[PDB]
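Engineer: Let me begin by handing over the structure; questions about it come next.
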Ligand SMILES: CCCCCCCCCCCCC/C=C/[C@H](O)[C@H](N)CO
Ligand SMILES: CCCCCCCCCCCCC/C=C/[C@H](O)[C@H](N)CO
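Structure follows, in structure tokens:
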């Protein structure tokens, strides 16, 4: 019973909030990524086109 | 009053969530575990086990359901004739449903790796014969003759003391993993075909029987893995259990 | 606003949950504890205590309820006759209900270990006798005679100055632990039987009484444990207390 | 069924066309005399 | 760390390991007790003990 | 740290990494198991093994 | 002490288990190595003897010309945790107002997870399984409506008194474990240990529990293991009077810390009963799909 | 007659083997036997009747009104403990209401 | 109360509300009340590619 | 070097000239009960040679119209020799086994038998055929003894489980053109260190023809199948009167 107080901002879904969510598939390692050409890392690579 | 904010994902029961729950019996030590033999640690220990592949899955009546575990080989005219043909797809509804691989693949969505089909000759010691067992990779339709089939991966099996050959169906795929195929756009994940052709003939002496049977045994290889656990589809239950 | 997600198991009162609760009286130091004798630290200190086993649990009227604590032994014809027989099951509804073992076992679901039954001869100094006290492990039905009973675990007790023998009922079981037995599939957890047979006779001189009584005293051994605490079944309460 | 409780050999015919059953010394006396119908059946060795 | 030692078991040689979020020790978890026993206090409470093999009435 | 070792897997050489907030070990997370295998226990359970290139019936 | 030679040179009392195999780490799938052509005699890896009862030790390096493939496919999702640590329906309890099911406001449920085919066929892949569990109770109305009602979930182990009513004396939970919850709350979720007097549960028991004659009367006892009868689950509406809401309690079990032994064939026929491997003998269905002929598809 | 219990073991009554026991005595302690919440009191607050028709109720604290927790404590004559009380409030029907 | 079941490819789709696929013994699921915050789960890269 | 075998245990000896190999079950040889795994405190009797020896049960005939047979262990030896007296006189039992199945035929005979060990082979029934009756098997079907019992529906093994996945247990084949013996060595498999031999059967032994027997008119039409089995590392504990069931 570690005491806490819930502050406002509680039980809202903010679309631009970056937090941890619960995973559905434990011990799932994905398919490995091969080297595909054309990798984008920033949209300013394309504004200079 | 340590301040907190409750985030979404709150007061939901996700079945595949692994967390700490409250214990009902404190200071409960269980019964000790004795050494029991047969301990499983991974289901890939069992996918590497040879189980019977029901190639001759024609009969349905109860009188003749044991006939599905062996398929015949007899005397022919020596024209390179066809004995049997089946798909190399484990999850597809066909011969592989009888295997432990084809039932533990129902509980997984994506598989990768090489397979293994072992045919045993159950004829007389005096009976001889040679057979061509061709794996036809995808794109290749059903070969109409043996000449079209020897262009693929194949084994020529000579009957003898060693009554069993192993055709390895190797991983020849575009994707690293492969899902379950069916009639539609998931034929993209088809694995190919496997056909058996008479190479020379089934030669037998006088006094011995003119017919024998071959029992196929299918498993997986050491590079085999499954992925994305799910629920099985190719077995279902009529409701009202007990 | 430290973000959190509330998981299931939330806002439930589990009675066997051991956590921190809020205190009502801050800066309350209690009364000091003096040295009181008789401090208990484990209930197995009390399961090792000899308490009276009601073998002769025949009478029910209030006039004759003290007769349940001693059973008779008298003069016979010398044919190896039967005195008494009872089950070695503590949780089963029978003689062991009178013991502290048979009441603290109601509060536990699984027990293991050896038992201990101590019989005391409460006759004359001049009375002699020899008796066979046989423990019959499970499978063995009720022995019809003494020859069938001496094949089991047994003690031959000669009356004398030491007026008491101890039959140890040892742990002879398939399971590491053993639950409470009853008529049904839980007879799987039966422990066996205990029978008392006349070995020679109850010999007595003239002037002394022809009959005596034996008081049985049952406990547990140092290897005894109980497990999986529960609520007791073999005592219940008519409602409307006070 | 009554005979397999004794000393026995199961012989499979094959290339080796011969088995050997060893009748071993299972006796009360260190030595054994010749048997016949009577009290010298005490020195019987058994059956095969 | 600094806390009122005001539980019902403070003042005994038995070592507990409790959890608490308060200043009072009696609000803590029950914890694990020591697994010590004294059956002879009830089962062999005699002045002059006897051994197993011996006849006690000597 | 001090905790009842009363899970169903305590007593094996396989190493787990669980999370717990209680004194009972069986309330913990399942965790990651060791990725060890023994297929020969079912797939090659023979007294006298054979190699791949050899003809086994020798 | 031992003097005669047959007793000194004896293997009696060798308790150490002599194992042929050893478990090695396989975190990934086995890599493929480079192979070339083979044109010799004697070495013939494609030919096997399946009569030995072993599986083929033939690889694809010996059947075709192969390349090097450095595999990084993980075997982590085939473990028994990842395969069984997935909550599934093992029980369902109905608490109606009128009818026959449970018209008084309490319900006892003999714990057996063999009443739902999708979790049963997963466990009956093995004959012995040892695990701790995590049960979760999702309570609701028939329509799925969450209502303001208090309940009590009492675990009644074997031997303890079962409640004969809602006003019963067993509900005082002085020693049996219990959970009180409102339906408006998240579902109750408790962790349970391995509680068998044996070293593992067993889904198949080839035997009878009791001695004696086995006639047609006591033939129900065939297959029953008391080591798996873990007791009773009881539920009531906390109150002295009659509730106003119908209710359903659905039970979901998740295994953790799993060990399993002795794999079996998997059930291909439809189950019919609880803790009974019976089948419909007239309507025996083949394990998979069928064809018109063996030379076609 | 000494009033002690028998010090006889099974090693002296039968030919025994070695058994390395790993059965724990941890669940017989007094914490594990008593640290289990049970009913010790019940208070009714009705509207009409005789029990408590005014809206308040006083309860003289005694845990000897329920047989299942009483018979557990009366195994001893003296018991010293700290406690944790829990109050489960509800309507007769079990309905949770905004009060 | 609702139940959000993920049905991967190959697994049986439910033909009804009373269906047998809803037992979620191996497929992942989320139970939620509408009175709760919205369910939020994290998903991996699940492509065979 | 591998087709020849001599199995010697006790006062008994089997020869074979046309073997495959020996299957050691789950890679565990039979052993004795350790003091850590043990719970019962009585000293067990370990009769080395009087119970660990090959016993020969009976002889089944492989006809054309055969379906299969099963035998339950240790029920096959509870009325036979010194084993079946120590097992009746005692309450507890622990043993491994070496099973050895014999079927001889010519080189002009063809056929195959699957010889498998199925632990906890619980026997189901047809449930009336419609699946409504909750029928049960009688005692002469779950513990049939040394006579064994003939499978009604060997596709599902009279338990609703497919024969095709039965190679996941121990097995050998008897292919008449390759071998005539099948040798499996089984350890004690149970959740408990000891158990009753009369109430509980640890495993079953299935003998099923996958490929049917065939021969031409003139050859020996009687092709017998003989079961021959040896306990291993036997142990008995808890002595009382002899009860048979
Ligand atoms: C509020 C407390 C509720 C806690 C109830 C948890 C019950 C614990 C039981 C878990 C173990 C289940 C094992 C079941 C085995 C099979 O059903 C049997 N072999 C019957 O066929
Ligand atoms: C909101 C605050 C409520 C807190 C109320 C807690 C009361 C504390 C009392 C606990 C001690 C109970 C001991 C009772 C002993 C027996 O009833 C007496 N010997 C009477 O027979």
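Protein chains in written order, with the entry's author numbering: chain A, 1 to 49; chain B, 1 to 242; chain C, 1 to 242; chain D, 147 to 194; chain E, 12 to 69; chain F, 12 to 69; chain G, 1 to 297; chain H, 51 to 149; chain I, 150 to 198; chain J, 10 to 254. Backbone N, C-alpha and C fix where the C-beta goes; we use that ideal spot for every residue, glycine too.
#1: Indicate whether the contact test is met: 3 or more Cβ pairs, each with one atom in the region 238–257 of chain G and one in the region 209–225 of chain C, closer than 8 Å.
#2: Any Cβ of chain A within less than 7 Å of the Cβ of residue 7 of chain B?
#3: Since residue 188 of chain G sits in a beta bridge, which residues does DSSP pair it with?
#4: Inspect the CB distances between the region 19–37 of chain B and the region 20–36 of chain F and report whether three or more fall short of 8 Å.
#5: For residue 35 of chain E, is the beta carbon positioned less than 6 Å from some heavy atom of ligand 2?
#6: Consider the Cβ of residue 221 of chain G: report whether some Cβ of chain A lies at a distance smaller than 7 Å.
#7: Here's the rule I'm using: 16 or more other beta-carbon atoms within 10 Å means buried, otherwise exposed. How should residue 49 of chain B be labelled?
#8: Quick one: which chain C residues come within Cβ less than 7 Å of residue 71 of chain H?
#9: Relative to the C-alpha of residue 54 of chain C, which residue among C:225, C:148, C:105, C:84 is closest?
#10: Below 8 Å, can you find three or more Cβ-Cβ pairs linking the region 117–137 of chain G to the region 257–271 of chain G?
#11: Using a Cβ-Cβ distance under 7 Å, would residue 117 of chain C count as near chain H?
#12: Using a strict less-than 6 Å threshold between each residue's beta carbon and the heavy atoms of ligand 2, what residues do you get?
#13: Chain B partners of residue 133 of chain H, CB-CB under 9 Å?
#14: Anything in chain A within Cβ reach of residue 189 of chain I, meaning under 8 Å, just list it in chain order.
#15: For residue 199 of chain G, write down the residues that DSSP places opposite it in a beta bridge.
#16: May I have a chain-ordered list of the alpha helix (DSSP H) segments no shorter than 4 residues that lie completely inside the region 131–174 of chain J?
#17: Considering only DSSP beta bridges, list what residue 40 of chain A is partnered with.
#18: Can you tell me whether residue 28 of chain C is buried or exposed? The criterion is at least 16 other CB atoms within 10 Å of its CB, across all chains shown.
#19: Kindly indicate if chain F contains any beta-carbon less than 7 Å away from that of residue 20 of chain E.
#20: Near residue 188 of chain I, what residues of its chain come up, given a Cβ to Cβ distance below 6 Å and the 5 sequence neighbours on each side ignored?
#21: Which runs of the beta strand (DSSP E) fall wholly inside the region 212–240 of chain C and span at least 3 residues, in chain order?
#22: Quick check: does the Cβ of residue 228 of chain G come within less than 6 Å of any heavy atom belonging to ligand 1?
#23: Taking the C-alpha atoms as reference points, what is the distance between residue 208 of chain C and residue 173 of chain D?
#24: Is the closest heavy atom of ligand 1 to the C-beta of residue 275 of chain G under 6 Å?
#25: Find out if the Cβ-Cβ distance for the pair residue 31 of chain G, residue 71 of chain G is shorter than 7 Å.
#26: Is there at least one Cβ from chain J nearer than 7 Å to residue 90 of chain C's Cβ?
#27: Hey, does residue 66 of chain H have any beta-carbon neighbour from chain J nearer than 7 Å?
#28: Can a CB atom of chain E be found closer than 7 Å to the CB of residue 45 of chain C?
#29: Could you name the residues of the same chain whose beta carbon sits closer than 7 Å to that of residue 68 of chain C, not counting the 5 residues immediately before and after it, in chain order?
#30: Threshold first: 3 residues or longer. Then list the beta strand (DSSP E) segments lying entirely within the region 71–131 of chain G, N to C.
#31: Ligand 1 heavy atoms versus the CB of residue 155 of chain G: any closer than 6 Å?
#32: Closer than 8 Å by beta-carbon distance: list the chain B residues that pair up with residue 32 of chain A, in chain order.
#33: Find the nearest neighbour of residue 36 of chain A within the set I:198, I:170, I:155, judged by alpha-carbon distance.
#34: Using a Cβ-Cβ cut-off of less than 7 Å, list which residues of the region 173–187 of chain J approach chain B; keep chain order.
#35: If you follow the beta strand (DSSP E) that residue 134 of chain C is in, where does it begin and where does it stop?
#36: By Cβ distance, which residues of its chain are closer than 8 Å to residue 253 of chain J, with the 5 residues on each side in sequence left out?
Structural biologist: In terms of the structure at hand:
#1: no
#2: yes
#3: G:137
#4: yes
#5: no
#6: no
#7: buried
#8: 223
#9: C:84
#10: Yes, the region 117–137 of chain G is in contact with the region 257–271 of chain G.
#11: no
#12: C:24, H:111, H:112, H:113, H:114, H:133, H:135
#13: Correct list: empty, because the minimum Cβ distance to chain B is about 17 Å.
#14: Per Cβ cutoff of 8 Å: 13, 21, 22.
#15: DSSP, once it has assigned bridges, lists no residue as partnering residue 199 of chain G.
#16: Qualifying alpha helix (DSSP H) stretches, in chain order: 148–151.
#17: For residue 40 of chain A, which the question treats as bridged, DSSP gives no partner whatsoever.
#18: exposed
#19: no
#20: Cβ neighbours of residue 188 of chain I within its own chain (closer than 6 Å, five residues either side excluded): 179, 181.
#21: The region 212–240 of chain C contains these whole beta strand (DSSP E) runs: 225–229.
#22: yes
#23: 60 Å
#24: Because some heavy atom of ligand 1 lies under 6 Å away, the Cβ of residue 275 of chain G counts as near it: yes.
#25: Contact flag set, yes.
#26: no
#27: yes
#28: yes
#29: Within the same chain, residue 68 of chain C has close Cβ partners 54, 56, 57, 59.
#30: Fully enclosed beta strand (DSSP E) runs of no fewer than 3 residues occupy 88–95, 106–110 of the region 71–131 of chain G, in order along the chain.
#31: yes
#32: Those within 8 Å of residue 32 of chain A in chain B are 176.
#33: Per the Cα distances, I:198.
#34: 173, 174, 176, 177, 184, 186, 187
#35: 128–136
#36: 87, 88, 97, 207
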